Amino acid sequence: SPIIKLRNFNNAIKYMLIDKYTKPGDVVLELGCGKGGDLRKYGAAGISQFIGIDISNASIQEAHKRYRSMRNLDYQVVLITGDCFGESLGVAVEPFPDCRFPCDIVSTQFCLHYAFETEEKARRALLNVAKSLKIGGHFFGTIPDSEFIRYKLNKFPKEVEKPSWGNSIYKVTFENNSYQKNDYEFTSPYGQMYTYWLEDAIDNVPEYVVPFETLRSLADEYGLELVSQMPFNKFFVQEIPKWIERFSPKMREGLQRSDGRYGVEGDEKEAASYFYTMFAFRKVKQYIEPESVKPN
């Protein structure tokens, strides 16, 4: 693959993130789980149950096939086709009584940007996250870094009608120039759409900016406190000392620079390590909706 070094780096990121916060015995809710490419990371963590939900039935069927082909996974897997952002999770999980809610981890890997299509969907997504967790549980994930996106948008004069940037392996094209015309601020935290292309991975699929300050403010409203937010390059630098010995020779070699350090170079530096951030929140209190508590 032309992006093999990017894929290796981001899979290392996800190991570092998942295994930092997930504990043996945990129940994990994986929203937008895709084809199940993170099952092995949870095996290393020693979880007890994985609940994967994705709006695509085709990806769920592939996750089923992948689970059945894997050796020495000791946890129960529940896979569900359903929308995790545009509705509450209650109907989706009804046919699956084996699910052990409340859970210990909610994970959104490369998917929460789809929930930022509108305020109502961002709020529904985060309420689903908060409701599903134990106090002390964690919500973690990987999204494009809104601060890097703003850095890039700030380079364009307001006359540029469709701000676009990239390199040999990725490209971003914004729907419009409203940000620049609005004195270099988004007109709203939600619906800020761009098309995302990554060679051999994502074929011009629209997604939405996730202004991190808005994610944090909404999370706090729903009882979740920020523990960590770090661009991929800084997170990798922080965590790699713990992981070198754990990675096999082939995994290390797929991450290694010619100067002996581990990380990305060239066009993958921006596409993988600057473009994205991780995040982790902890549930600190139970959310009760305003005006929802009624007499008798």
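Residue positions are given as counts along the sequence shown, with the first one as 1.
*Asks:* Quick check on the record: does 189-197 or 70-78 carry the larger mean Cα temperature factor?
*Replies:* It is 70-78 that shows the higher mean C-alpha B-factor.
*Asks:* Given the B-factors recorded for C-alpha atoms, which segment has the greater mean, 114-122 or 87-95?
*Replies:* Per the PDB record, 87-95.
*Asks:* Per the entry, which of 54, 239, 265, 26 tops the list for Cα B factor?
*Replies:* Of 54, 239, 265, 26, 265 has the highest C-alpha B-factor.
*Asks:* Compare the CA B factors listed in the entry for 104, 183, 220, 147 and report the winner.
*Replies:* Among 104, 183, 220, 147, the PDB entry lists the largest C-alpha B-factor for 183.
*Asks:* Hey, what third does residue 136 fall into on Cα B-factor, ranked over its chain?
*Replies:* Middle third by C-alpha B-factor.
*Asks:* Using the temperature factors of the C-alpha atoms in this entry, rank residue 247 within its chain: lowest, middle or highest third.
*Replies:* Highest third, going by the recorded CA B-factors of the chain.
*Asks:* Quick check for you: using the entry's CA B-factors within this chain, is residue 44 in the lowest, middle or highest third?
*Replies:* Within its chain, residue 44 is a highest-third residue by C-alpha B-factor, going by the deposited values.
*Asks:* Compare the C-alpha B factor of residue 205 with those of the other modelled residues in its chain, then answer lowest, middle or highest third.
*Replies:* Tercile = middle for this residue's CA B-factor.
*Asks:* Among the modelled residues of this chain, does the Cα B factor of residue 168 put it in the lowest, middle or highest third?
*Replies:* Tercile = highest for this residue's CA B-factor.
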